[PDB]
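Numbering (the UniProt record's numbering), first residue to last: 233 to 548. Positions of the beta carbon are idealized from the N, C-alpha and C atoms, including for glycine. Have a look at the structure below before the remarks.
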Amino acid sequence: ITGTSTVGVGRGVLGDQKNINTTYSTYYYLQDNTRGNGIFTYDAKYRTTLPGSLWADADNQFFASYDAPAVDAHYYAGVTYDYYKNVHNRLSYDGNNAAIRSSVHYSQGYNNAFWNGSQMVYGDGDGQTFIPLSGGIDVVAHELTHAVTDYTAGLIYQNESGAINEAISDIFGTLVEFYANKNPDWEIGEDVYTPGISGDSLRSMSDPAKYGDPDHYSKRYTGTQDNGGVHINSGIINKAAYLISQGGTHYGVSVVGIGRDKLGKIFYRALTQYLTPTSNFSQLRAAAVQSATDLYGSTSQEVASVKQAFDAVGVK
Ligand SMILES: CC(C)C[C@H](NC(=O)[C@H](Cc1ccccc1)NP(=O)(O)CNC(=O)OCc1ccccc1)C(=O)O
Ligand SMILES: [Ca+2]
Ligand SMILES: [Ca+2]
Ligand SMILES: [Ca+2]
Ligand SMILES: [Ca+2]
Ligand SMILES: [Zn+2]
Numbered sequence: 233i234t235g236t237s238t239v240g241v242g243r244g245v246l247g248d249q250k251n252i253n254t255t256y257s258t259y260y261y262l263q264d265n266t267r268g269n270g271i272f273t274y275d276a277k278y279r280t281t282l283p284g285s286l287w288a289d290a291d292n293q294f295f296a297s298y299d300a301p302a303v304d305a306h307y308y309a310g311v312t313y314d315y316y317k318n319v320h321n322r323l324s325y326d327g328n329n330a331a332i333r334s335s336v337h338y339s340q341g342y343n344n345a346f347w348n349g350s351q352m353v354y355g356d357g358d359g360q361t362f363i364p365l366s367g368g369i370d371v372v373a374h375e376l377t378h379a380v381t382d383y384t385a386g387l388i389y390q391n392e393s394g395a396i397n398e399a400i401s402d403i404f405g406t407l408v409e410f411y412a413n414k415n416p417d418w419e420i421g422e423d424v425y426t427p428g429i430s431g432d433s434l435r436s437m438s439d440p441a442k443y444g445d446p447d448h449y450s451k452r453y454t455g456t457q458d459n460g461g462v463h464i465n466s467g468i469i470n471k472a473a474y475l476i477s478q479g480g481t482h483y484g485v486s487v488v489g490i491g492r493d494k495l496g497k498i499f500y501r502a503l504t505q506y507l508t509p510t511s512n513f514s515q516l517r518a519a520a521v522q523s524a525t526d527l528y529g530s531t532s533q534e535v536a537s538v539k540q541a542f543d544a545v546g547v548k
């Protein structure tokens, strides 16, 4: 909408206060004009038609319980925007500052979030398996990263290419979590998963097997559920990414960690310059080796660590 940029204040899903960029035109709208061609957050009003209505508020104060999922979808989209711009020189998900749109309060009791080809969509959770999923910065950056993937590598959402697609979203969700630096970890979805159980999460990059996902290619799932295991076999690549960054000895293979920033540079380059819609794990290893070579040189520690990490998870 046309109007003047303003700054509202509210509380997110976990009860934290934050400022949000709004637009004033009779109402205050969740429209952030300070980033690209805008960040827009919508109310889906517990139904499934999208996007719903642009979020409108009479006084620019967002402290109602109903407001909290919108506050966080809007604010964490801004953080993820800033990560890609500041860290990778990428302007929004298409590289050309496309408007970023999110809807919250999708459906009823909805235990998921997704990128529908055009926008991010967040359920409120059923209060037991999940709380509103936009309360997790790793969830929001996981979803915006699906858009990035779709505009770059284009990884098909099934079997090995789909598990790479999923790992790319968990990896950058985690790097954005560290970027914002609030309780960062290598776990996935812990801020919004199982409110009655502390300390758990939906997936783990540091130890995928903790929640039954494979941490070696020999343990890969090859049936048909979950699009051929895309949220399952992602654990093989998440573990490799964790090892590249943090190091460790896994099934007897030792990896020298090179840190998060260099993991992010290497995988961003792989995603945008070498992966294609049909890449499999072995082709991801090659793409990451070539990306590290480009960035740090063929005889670097960074290249050797990438090789060690994929050897450790059984990917040649
Ligand atoms: C239980 C569920 C949340 C797990 C899993 N979903 C997820 O892991 C994440 C949500 C998330 C939760 C916690 C941390 C980070 C991300 N959702 P996602 O984006 O991977 C769901 N993808 C998805 O819905 O893909 C199907 C699709 C929809 C529309 C258009 C084309 C294709 C799944 O869908 O199986
Ligand atoms: Ca208000
Ligand atoms: Ca965390
Ligand atoms: Ca996390
Ligand atoms: Ca929990
Ligand atoms: Zn995903």
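- Out of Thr510, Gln540 and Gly428, the CA that lies nearest to the CA of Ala524 is found in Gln540.
- If you draw a 10 Å sphere on the C-beta of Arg333, you find 16 or more other C-beta atoms in it, and that means buried.
- Between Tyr506 and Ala519, the alpha-carbon positions lie close to 6 Å from each other.
- Across the set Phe542, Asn321 and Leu516, the C-alpha of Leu516 shows the shortest separation from the C-alpha of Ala385.
- Closer than 8 Å to some heavy atom of ligand 1: that does not describe the Cβ of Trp418.
- The DSSP-derived three-state label of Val245 is coil.
- Within the DSSP secondary-structure output, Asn265 pairs in no beta bridge.
- Beta-bridge analysis with DSSP links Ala345 to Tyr354.
- Taking a cut-off of 8 Å on C-beta distances, the stretch 343-350 does not touch the stretch 316-323, as fewer than three cross pairs fall below it.
- As a beta-bridge residue in DSSP terms, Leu286 pairs with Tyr274.
- Look at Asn391 here: in three-state DSSP terms it is helix.
- Distances taken from the Cβ of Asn344 to the heavy atoms of ligand 1 include one shorter than 8 Å.
- For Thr481, there is no enclosing alpha helix (DSSP H); the residue is found in the beta strand (DSSP E) stretching over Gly480 to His482.
- Residue state for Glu409 is assigned as helix, using DSSP reduced to three classes.
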